[PDB]
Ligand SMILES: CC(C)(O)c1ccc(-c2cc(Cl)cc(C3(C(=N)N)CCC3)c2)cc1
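Shown below, as structure tokens, is a lone chain in the form solved without the named molecule; questions about how it binds or moves come after it.
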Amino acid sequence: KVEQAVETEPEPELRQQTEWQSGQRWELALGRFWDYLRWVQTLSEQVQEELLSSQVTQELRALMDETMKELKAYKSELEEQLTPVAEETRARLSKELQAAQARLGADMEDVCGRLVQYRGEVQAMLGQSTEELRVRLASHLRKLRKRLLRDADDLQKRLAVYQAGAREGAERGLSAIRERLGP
């Protein structure tokens, strides 16, 4: 159930048109946050002043707000359709998209939570060691930035195929939205 050479039959152009029709709306919000959240990877003195307070946490909070506002806004419109497939390709992407959306949102939500978490324990001591917290945060956060990156890119592929929209076959296919669990 993969679009390897079977999609090139029904005209693979649908993939090229979708990428352009995407609009880069939702991809813009997250895209700008992708570099922002990953920027904290520095773990340098800069993170010490950003973590000590609700700085980094404040930023990440917005990132999840935009990507969620843009995704839900575009998702609703796409709800009227369900990619020009709905057979064997859409079925597979249906479950994949649901897993990608829950991932990006899960990892991103864990990022802000981890920062504020590791901070509370750090600020509780301060006078104590400064490496133990630097080695941990760098590691824990590292996994959050890595996975989130893989989920973000994968989520763009699924959401890209959903933006295509069929026409009549989708007009009666609420399955798409039914899986999105959104308005």
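Residue positions are given as counts along the sequence shown, with the first one as 1.
Just so you know, the form deposited with the named molecule bound exists too; it's not on screen, but the next bit is about it.
Q: Taking the named molecule in the bound PDB entry and overlaying it onto this form via the surrounding C-alphas, would you call the pocket open or blocked, using 3+ ligand atoms within 2.4 Å of backbone or C-beta atoms as the cut?
A: With the named molecule superposed from its pose in the bound PDB entry, the site reads as blocked.
Q: Do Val47 and the named molecule share at least one heavy atom pair within 4.5 Å in the bound PDB entry?
A: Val47: no contact with the named molecule in the bound PDB entry.
Q: Against the named molecule in the bound PDB entry, would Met64 count as a contact residue? Criterion: heavy atoms within 4.5 Å.
A: Contact with the named molecule, no.
Q: In the bound PDB entry, does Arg32 come within 4.5 Å of the named molecule, counting heavy atoms only?
A: Result yes; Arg32 sits at the interface with the named molecule in the bound PDB entry.
Q: Taking any heavy atom pair closer than or equal to 4.5 Å as contact, tell me whether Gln55 reaches the named molecule in the bound PDB entry.
A: Contact with the named molecule, no.
Q: Could you tell me which one of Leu43, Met68, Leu133, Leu149 places a heavy atom within 4.5 Å of the named molecule in the bound PDB entry?
A: For this set of options, the contacting one is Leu149.
Q: Pick from 115-123, 47-55, 135-143, 151-159: which stretch has non-hydrogen atoms within 4.5 Å of the named molecule in the bound PDB entry?
A: Result for this chain: 151-159.
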